[PDB]
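Structure first, commentary second.
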Amino acid sequence: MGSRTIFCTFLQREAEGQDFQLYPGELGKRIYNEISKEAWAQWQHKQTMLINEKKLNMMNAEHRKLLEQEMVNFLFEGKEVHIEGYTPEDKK
């Protein structure tokens, strides 16, 4: 169809949503799903500085997971659903 208007959770409104997942695993899914481009632009800005201030490292897994932690409190500050290890056996 020609109608793409999701409902952001950060803004709590109806946005156009994204077209391609930016984050990995499920996290990127919820963002790309519930976190519209507008909301993402609010995190990305705080993300870049959060990494420089908290002294993070996207190259390190210890910090990477940390970022995904902060973003939640900012955008997903309600679900806090974190999953790691999804492997479909045959059905959902």
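Convention: chains lettered A, B, ... in structure tokens order; per-chain residue numbering from 1; ligands numbered from 1 as shown.
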Members of chain A assigned strand (DSSP E) by DSSP, as a PyMOL selection string: chain A and resi 6-7+14-15
Restricting it to N, CA and C atoms, dump the selection as an mmCIF file, in the first residue's frame.
data_model
loop_
_atom_site.group_PDB
_atom_site.id
_atom_site.type_symbol
_atom_site.label_atom_id
_atom_site.label_comp_id
_atom_site.auth_asym_id
_atom_site.auth_seq_id
_atom_site.Cartn_x
_atom_site.Cartn_y
_atom_site.Cartn_z
ATOM 1 N N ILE A 6 3.608 4.924 11.219
ATOM 2 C CA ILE A 6 3.670 4.182 12.472
ATOM 3 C C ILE A 6 3.310 5.071 13.656
ATOM 4 N N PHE A 7 3.402 4.507 14.853
ATOM 5 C CA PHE A 7 3.115 5.247 16.074
ATOM 6 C C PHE A 7 4.330 5.221 16.989
ATOM 7 N N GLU A 14 1.856 9.555 15.904
ATOM 8 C CA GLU A 14 1.909 8.780 14.670
ATOM 9 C C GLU A 14 2.877 9.412 13.674
ATOM 10 N N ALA A 15 3.983 8.722 13.417
ATOM 11 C CA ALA A 15 4.994 9.214 12.486
ATOM 12 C C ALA A 15 5.080 8.326 11.250
#
DSSP helix (DSSP H, G or I) selection over chain A, as a PyMOL selection string: chain A and resi 27-34+37-53+61-76
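Here the question is which of A:32, A:91, A:16, A:23 gets nearest to residue A:64 using only C-alpha atoms, and that residue is A:23.
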Long-range neighbours of stretch 36-39 of chain A as a PyMOL selection string, 7 Å cut-off, only C-alpha atoms, 3 positions minimum in chain: chain A and resi 8+10-11+15-18+32+42-43
For residue A:68: contacts at 12 Å, only C-alpha atoms, fewer than 3 positions along chain excluded, given as a PyMOL selection string: chain A and resi 23-28+30-31+43-44+47+50-51+56+58+61-65+71-77+80-83
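The gap separating atom CA of residue A:70 from atom CA of residue A:54 is 10.8 Å, in Å to one decimal.
Distance check against residue A:19 using only C-alpha atoms: of A:60, A:48, A:4, A:66, the minimum falls on A:4.
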